[PDB]
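In what follows, a single structure is set out as structure tokens and then discussed.
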Amino acid sequence: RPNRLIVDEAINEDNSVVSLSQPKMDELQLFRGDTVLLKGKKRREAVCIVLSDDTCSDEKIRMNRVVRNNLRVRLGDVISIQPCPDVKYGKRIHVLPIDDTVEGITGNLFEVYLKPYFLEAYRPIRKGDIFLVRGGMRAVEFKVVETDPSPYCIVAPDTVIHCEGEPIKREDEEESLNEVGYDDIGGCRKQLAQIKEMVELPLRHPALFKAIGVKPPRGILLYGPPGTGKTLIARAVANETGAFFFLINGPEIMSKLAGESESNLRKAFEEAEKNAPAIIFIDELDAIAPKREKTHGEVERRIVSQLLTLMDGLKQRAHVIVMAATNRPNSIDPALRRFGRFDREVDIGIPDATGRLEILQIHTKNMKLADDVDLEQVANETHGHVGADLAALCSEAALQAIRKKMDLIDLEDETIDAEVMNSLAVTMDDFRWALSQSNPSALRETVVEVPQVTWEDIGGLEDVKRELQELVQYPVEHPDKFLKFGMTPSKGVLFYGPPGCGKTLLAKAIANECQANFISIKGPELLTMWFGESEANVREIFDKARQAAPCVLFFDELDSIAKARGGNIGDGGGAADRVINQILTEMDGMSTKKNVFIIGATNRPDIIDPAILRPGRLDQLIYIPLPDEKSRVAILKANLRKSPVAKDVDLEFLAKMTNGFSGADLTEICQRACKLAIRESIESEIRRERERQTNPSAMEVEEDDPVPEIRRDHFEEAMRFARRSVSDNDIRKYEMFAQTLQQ
Amino acid sequence: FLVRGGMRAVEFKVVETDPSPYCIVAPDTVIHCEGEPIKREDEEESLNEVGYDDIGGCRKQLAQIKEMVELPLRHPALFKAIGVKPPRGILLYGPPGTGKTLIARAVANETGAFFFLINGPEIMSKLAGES
Amino acid sequence: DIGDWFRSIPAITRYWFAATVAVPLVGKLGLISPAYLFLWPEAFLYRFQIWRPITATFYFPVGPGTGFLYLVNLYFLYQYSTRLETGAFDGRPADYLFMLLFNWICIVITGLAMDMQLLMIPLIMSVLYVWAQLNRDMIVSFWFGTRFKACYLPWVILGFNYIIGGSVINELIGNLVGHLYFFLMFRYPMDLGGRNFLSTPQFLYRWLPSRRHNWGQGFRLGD
Ligand SMILES: Nc1ncnc2c1ncn2[C@@H]1O[C@H](COP(=O)(O)OP(=O)(O)O)[C@@H](O)[C@H]1O
Ligand SMILES: Nc1ncnc2c1ncn2[C@@H]1O[C@H](COP(=O)(O)OP(=O)(O)O)[C@@H](O)[C@H]1O
Ligand SMILES: Nc1ncnc2c1ncn2[C@@H]1O[C@H](COP(=O)(O)OP(=O)(O)O)[C@@H](O)[C@H]1O
């Protein structure tokens, strides 16, 4: 039959829209504006309006949450669709709210919720349904409890809405539309694709896995910093696929009494065994199952061995997925990694700059912002925040809009009128205030992301640019001809050259071009675990790079440890070998299937130990030279990305007076040149403001500042206070080393 | 009304007067100060316990505690209606003897609350697992 | 607790509760004559005896005898009288008032024909049986019970009170009188015909009104 289709979630809300492919309506004698009858399980009927969609397939119909909830269906089910454009106008409609949504609201709900909802929409409604209205500050749902004529009626401009009466008590067969779903998560697009793929099959059709006779998953382990939204992925998946989410907690198991903590676990798996396909979430796993060496007592060795014997006892029967959440995957007991136990592991990192914008638009959907808030600006300057912190920022900024309007609501009543709530607005003045007294909790944590540096951000050195392009893209984009021949693509690259010449910019740029993650380990960070702290740290950093394949790992100032060894004593020379030995031990273990690239930068190439340089490891030596003339003007242009329009600046004239400097020094020159220009503009406005002390508001033309009129003489005067940073001995040392390596 | 004494602060009570009730004291008036003193009755809080005028050297910090706690404790219903999350834990830290259990005793005695102190040493040493 | 919770019970059911608890209390202490409430059927066949047409329909000398039996039948009533009022009976108390009289006059006429003395259990289980058929199709499983399938309640409960005690007459009559009334009040009108020729008089509605959805007032059409 050409009626049964698969359903999926929408984007543009619109509680009375469904997306269908053009040919489907063409072959189903359907036309625009035709109301249709949708029928599903439990003999429930929902009336909607159809409209075309650009990218809708034939057999998939796109619809939002509210329409699905009325039909009592879930994702990926089948519905019955039939056109019935023979509805008769309703006369009087009785719409009443639900009890647990209007706590302390009162007021006239008709003229601030329903009035802007039905106005010029001609919404077709059916008896018994539920719809959700985004209020001024809340989200209030209603229930059409009576219609005339019954039950099909379309709301008309002449219809009497009887919105009076006590709220209806919430019944038992509803799914409580005000709960979590697949659209309440942002910044986790890839991870929520993996969890939904591994779980939707064992939980939606248990019968299929019995006939096929294959092994279903039995454990998923999500790790990441606290507050990043882990127990919301477990609550979203259980609410949409249909399951029996049964949470057991970390702290309250560990603190019941003596020996009866175990009887809490033993009878926790019992409900999940006799209550349909269930899902069990063990929060804070590291609180109850730490490493064997940190279990100093005995009753903490009884809980762990009681958790292991229950997981190994899950052999078929009902399908029960047990998921756990932990902060660090190193602190978990190693016995919880064998097969038949937690084996599939997912990583939930901190959000990136385009992720922090999506958390903002989710939490502020209920509020009514003013027309001056630039959510892009607030998103890009809050690095170091996790998902849970941006949910407090959007609340503190909401409290100002009532803190500064408290007089309007002076003591009010026990219930606050709804008219004043819809009159509120939140401006940038509040958001800048809630940002001040906020303490981000991520801060010191390695950030994995795709840097935004473009090729044009660096001038010259195009010969090196082609060289790096050959060793990265071609081995991964066109592998077939590499498949022929026993070719081994280079697994590493070493950069050596004069300091401040742009080594870190090259590694950032290539990662952006290939669109791969970037991880940077600094020098002083490399000596952090060099002393005292064991070499366990250098292990997980490679595992961190391993999971995020493809990525471009970067070691900055590799010769840091060698310089410490070189000295009066250098007693850490054997200790300096410790990190190198561990680095060497975990560099030959990389596989060709996973794409990981290692780049190390150094500035004393004659002091690096010969062990590192060897075939099979990072071995391509590249000498980065100082930029030359025409290239040395491109560095100057890298500071013209600001606005230093110095009249007839004549950059070519500025080019010929800037001979023989280094790379990073030139940018300092523009900053030094700009710094005095900022200062000089201060005296100009200080002169202007102290001159205005004589003339009271004598400003016929509106002008307050000279409007940044940056001058060239001001730029020229600063250049006079400039000295060459190029050292003749240093460049000569590298070139003879370059020739020695060349010959 | 509270009278500042030589070394104490004695507070009296106008228990009877004539002509009732508004009678300004005049340079020719009769004062009857003799009799057994009245028992301290309930309801009203004493005028001798701590308040906002009993702390000094902490004018800035007592401004941060006051703005964060005045709203949830004075208008419990408004936070229910607006439905925003309130603060749920405040951690005062500093050297001992600087007046921390006095900042938390002035806030309860002024906004109106049910200050219920639990102590460290007494909880820790009750009995085995009954603590 | 005793004050508001008793008021929380609906007045119709709370009156039934008061009648069923006050009478045994007087009996256990023994102020009035316990033998004064016997409902002699043979005396009725000779003389009208207007003294006791109703008095013996609520008396029960609970104590050293069938003490446990009275507790349980009152217990399911307390646990299930409240449930059945909430089941399609909140808006129709006058109908629920009526059939209470119908079983009461039906059991007593059959009771007066034969020579039993205490018609206490019949008036509890008759309405309880009527509940089951009119509220079928749910699963119930208490802590000390089995996992028996739904719609088995009237039959499984029937054996339980029968085997504990005896008096085969009262258990059998109470179920069938509910059965025929179930067929008459509910099944008869659309089976062959014979519609509701027992309509409650307006005087009952005048005493206690029914429930109707109060429309109120419609604000306006808008636009
Ligand atoms: N898309 C999202 N990603 C991460 N966190 C979110 C997101 N949306 C909301 N949150 C916030 O995350 C909080 C729940 O996460 P939480 O319970 O802290 O996980 P965990 O307990 O593992 O840290 C909620 O208070 C919610 O405000
Ligand atoms: N094409 C370029 N050539 C030389 N220097 C550049 C170029 N582009 C940017 N710079 C400047 O050089 C600096 C790069 O320093 P960096 O290479 O990180 O130091 P190091 O070489 O010690 O690691 C940046 O601050 C940047 O402003
Ligand atoms: N403004 C003030 N700042 C600090 N201490 C004060 C102040 N006023 C009084 N005190 C003294 O501090 C004592 C209370 O401090 P204390 O109970 O020791 O707090 P904590 O035990 O947290 O140090 C009071 O006995 C009082 O004498």
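We're sticking with Swiss-Prot numbering for chain A, so the shown stretch reads 22-764, in order.
Using N, Cα and C of the backbone, Cβ positions are placed for all residues, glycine too.
As given in Swiss-Prot:
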BINDING   A:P247, A:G248, A:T249, A:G250, A:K251, A:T252, A:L253, A:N348, A:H384  ATP 1 binding site
BINDING   A:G521, A:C522, A:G523, A:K524, A:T525, A:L526  ATP 2 binding site
MOD_RES   A:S37  phosphoserine
MOD_RES   A:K315  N6,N6,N6-trimethyllysine
MOD_RES   A:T436  phosphothreonine
MOD_RES   A:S462  phosphoserine
MOD_RES   A:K502  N6-acetyllysine
MOD_RES   A:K505  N6-acetyllysine
MOD_RES   A:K668  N6-succinyllysine
MOD_RES   A:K668  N6-acetyllysine
MOD_RES   A:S702  phosphoserine
MOD_RES   A:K754  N6-acetyllysine
REGION    A:708-727  region 'Disordered'
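Sequence features annotated in Swiss-Prot and their locations in the structure.
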residue : record                   : DSSP (3 states)
A:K251  : ATP 1 binding site       : coil
A:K315  : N6,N6,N6-trimethyllysine : helix
A:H384  : ATP 1 binding site       : helix
A:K502  : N6-acetyllysine          : helix
A:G521  : ATP 2 binding site       : coil
A:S702  : phosphoserine            : helix
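Using a Cβ-Cβ cut-off under 8 Å and counting only residues 6 or more beyond its ends in the same chain, the region 'Disordered' (A:708-727) has close neighbours at 702.
Sequence-distant contacts of A:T249 (ATP 1 binding site), defined by Cβ-Cβ distance under 8 angstroms and a gap of at least six in the same chain, are A:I369, A:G370, A:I371, A:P372, A:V407, A:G408, A:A409. Residues in the region 'Disordered' (A:708-727) partition by DSSP class (helix H, G, I; strand E, B; coil) as 5 helix, 0 strand, 15 coil. Ranked by CA distance from A:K315 (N6,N6,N6-trimethyllysine), the modified residues A:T436, A:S462, A:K505, A:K668, A:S702 have A:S462 at the top as the closest. Highlighted in sequence order, A:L527, A:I645, A:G684, A:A685 have their Cβ within 8 Å of the centre of the Cβ atoms of A:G521, A:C522, A:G523, A:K524, A:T525, A:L526, the residues recorded for ATP 2, and are not part of that set.
Checked against ligand 2, the recorded positions A:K251, A:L253, A:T436, A:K505, A:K754 give no residue with a Cβ less than 6 Å away from one of its atoms. With respect to Cβ neighbours within 10 Å, the binding-site residues A:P247, A:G521, A:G523 differ, and A:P247 shows the lowest count.
Non-local contacts of A:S462 (phosphoserine) by the CB criterion (under 8 A, 6+ apart in sequence, same chain) comprise A:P246, A:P247, A:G248, A:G405, A:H406, A:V407, A:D410. When the recorded positions A:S37, A:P247, A:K251, A:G523 are checked against ligand 1, A:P247, A:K251 have a Cβ within less than 6 Å of one of its atoms.
Filtering the recorded positions A:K251, A:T436, A:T525 for a Cβ under 8 angstroms from any Cβ of chain B leaves A:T436, in order along the sequence. Within 10 Å of the C-beta of A:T436 (phosphothreonine) we count 16 further C-beta atoms, all protein chains included.
Residues A:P247, A:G248, A:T249, A:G250, A:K251, A:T252, A:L253, A:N348, A:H384 are listed as the ATP 1 binders, and the farthest two of them sit 25 Å apart at their Cα atoms. With every protein chain in view, the residue among the recorded positions A:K251, A:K315 whose Cβ has the most Cβ partners within 10 Å turns out to be A:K251.
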